[PDB]
Each structure stands twice: as structure tokens, then as C-alpha cells.
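First comes one chain, alone, set out as C-alpha cells in the form deposited in one PDB entry.
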């Protein structure tokens, strides 16, 4: 079996969580890697942005990323990429003609890639599996246009792969999706890498990151974009220091795009530390160093960060949003906050900070909870999904 994955506007090779790269990229790369271990051949198609990479990047046996030239390597934001939809498709057409490569199935990611997938699937006469990741309908002409495209894929994809049951309901309510075409594919997290793991490990991580050993740490991990609510953490941390100015608390934000500006405007610069984004092998230390990972998203998911933090034995305080209530077991492995008021977040942070016995237990339980998430699981589900889709054409 050879699968063409389409990830047009962002590449699985781009460092997550700056820029346009986040959980979807790690989702695409992680599943693809697992599929490739299982002997399924995957090529991930993406728009060429870094020419030093070449056209074909060989990631592992059975796994390639294909960098397709379509418009300039830069100066084209995600909002303008619809203008490249036909060029990118044409780019994929030539590459496959040149390489004489044939696919059994296409799995598209995000509405841009789905529009490409929809054309390719009719041309190649093979099934299209589509994963939305996020959706307009969950108020401008641009969002209206995206919604319309998202509606087209709902109506035309052979299988709509969603990441939770809540997204399935979302598809059915906001897009009138046929429930027979929807399939829940639960996501994973790299649970071997993100792990507690060892009695001295938290403190080893603190030494490595230059964090004081006797202090409480809240971490935010991910893209620094308003929809992710890092401003909520910063504002809540300000409130905490209004209540008790010498609270033993340091914050790490880790993190690519000003939020430092907001932090100094609120007087909390010296207790907040902004870390550059780093590969998973290095992120572990942020998770382990942390007593609490705060994830104040306005929109989401699953919530890969919530899962990775859990896997690493660190309780999460999450917004009651997207996949987060499924990623976090409320009251057992963390807390869920309603809304994004600094006051409500201060409350939730304070209750986990000041109750050691509870917080420690959540962290230990978070590990047990997170082992239910299993990229290799995820791929096993996709593999079946692919086999059925192929069998029914």
C-alpha cells in the first residue's frame, strides 16, 4: 500500500509550535512514521519553503516528504495560499508523472490539502481520507470561504477522519455530515519520549534549564498566538502576584510567535521566562521541570500539549475547549477551567500550587492516563480505515 498524505501549507519537518507548525504537524509526522514501521509506504506532500532540503527528503524506510514548488519559498502567508491551490496540485501531478509513482489512497490534512485531495482522488480514481484538524464553523468573507470549502470536503471525502467524538458531532451539526462517512481516529502522543521518568528527573531538568530547584513552575508550551491564550496565563500570573507578591512561582513559556511586552506592562517580567521552541527530545525537560502545564486555549483539538504533559507526569490545567476535556480527566489528572478570565485561572492555578498532595497524585495518575494514547494505536486505526476505504472503491 502506498499512501499520499497531503499537508500543503505547513510541513511535517517544520519545528512545531512556532509559526504555522503545531500539533497537526506532529500528528502527520508521528502517524506517518508508525504507518511506515508497519510496512505502509507514505509520501507526505508539502509546499516547498526551504530549498536546502531538496525535493525528496528520505525520513525513514517507507517514509518520504515531498517538497513541491508552488509560489515563492517565502512571502506567502497561510491566508494567501488558496491562490496556490492549482499550482500545488499541478506540482503534485508533475512530480508523480516524473517519478512514475502511483498511490492506493490519499489522506489529506486541513481544508487546503483536502481541496487538492478532492481533485486528485477523482483524477486518480482512489479514495480520499480527510482530516480537518480545525474548522471555520467551530465571521469574515475569508472564514466564510473556508467554511464553504470545508463543507465541500464533508460532502465529497470518502472518509472524514476526526480526532474525537465531539468533532464528529461538530461535523454533523455544523456541516450536516453523513455519520456513515465519519470515523473517529484517536490521536497519540510520544509516550516513551515524554515520560516522568526517574526519581531525580524533574530536578535534573531544572538544572539543565537553569530553573531554581525550590520553586513552583507553571509551563506554557506551544505557538504564541492569541487563540492559544498565553495572555491568559500571563494575566492570571499577574493576579496571583497581586494576591501574594512573594509567592514562590516561576513561569516558563515555550513558545514561538510582545507577550514579553505584556508581561513587563503587568510587572511580571522577572518571574516569566520565554524559551525558544525546541525538538521533542528537548521539550521533555520543560514538561518534567514543570509542576503544572497550563493550556488556556480558545480553540483546540485534541490538545497534544495536554497529552504530552500528562505523559511526562505533570498535571494540566486546561480550558474546557475542543479535545481538552477528553485529553484531561477532570479532577483526576488535572483541572478544567470554564472561560478565560484571569481570576478563574488564578483560582485554578492557586489550588494546584498550594495543595501539594493533590498535585503530586494528579501527576502520577496523569502518567497512567496518558498511556491510553499511542501513535501506534492511532496508526493501527488508520491502517484499518485505509484498508476498508480501498476495499469499498
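Residue numbers count along the first chain shown, from 1.
- According to the record, 4 to 9 deposited residues between residue 257 and residue 258 are left without atomic coordinates.
- Where coordinates are absent for parts of the deposited sequence, a chain break appears; between neighbours residue 138 and residue 139 it spans 4 to 9 residues.
- When the two stretches 282-290 and 84-92 are set side by side, the higher mean Cα temperature factor goes to 282-290.
- Averaged over Cα atoms, the B-factor as recorded in the entry is higher for 245-253 than for the other of 105-113 and 245-253.
- Which of 230, 179, 127, 72 has the largest Cα B-factor in the deposited entry comes down to 230.
- Residue-level inspection of the entry shows that, of 120, 172, 154, 237, 237 has the top Cα B-factor.
- Sort the modelled residues of the chain by CA B factor and residue 347 lands in the highest third.
- The entry lists a Cα temperature factor for residue 132 that places it in the lowest third of the chain's modelled residues.
- Sorting the modelled residues of the chain by their CA temperature factor places residue 361 in the highest third.
- Per the PDB record, residue ranking by Cα B-factor puts residue 4 in the lowest third of the chain.
- In this PDB entry, residue 147 carries a Cα temperature factor that places it within the lowest third of its chain's modelled residues.
Just so it is clear, the following notes concern the form deposited in another entry, a form of the same protein that is not shown.
- Of the two rigid parts that account for the motion between the shown form and the other one, one contains both residue 94 and residue 40.
- Distance between the C-alpha atoms of residue 279 and residue 107: longer by at least 3 Å in the other form than in the displayed form.
- Pairwise change in the other form: residue 297 and residue 167 C-alpha atoms lie farther apart than in the shown form, at least 3 Å.
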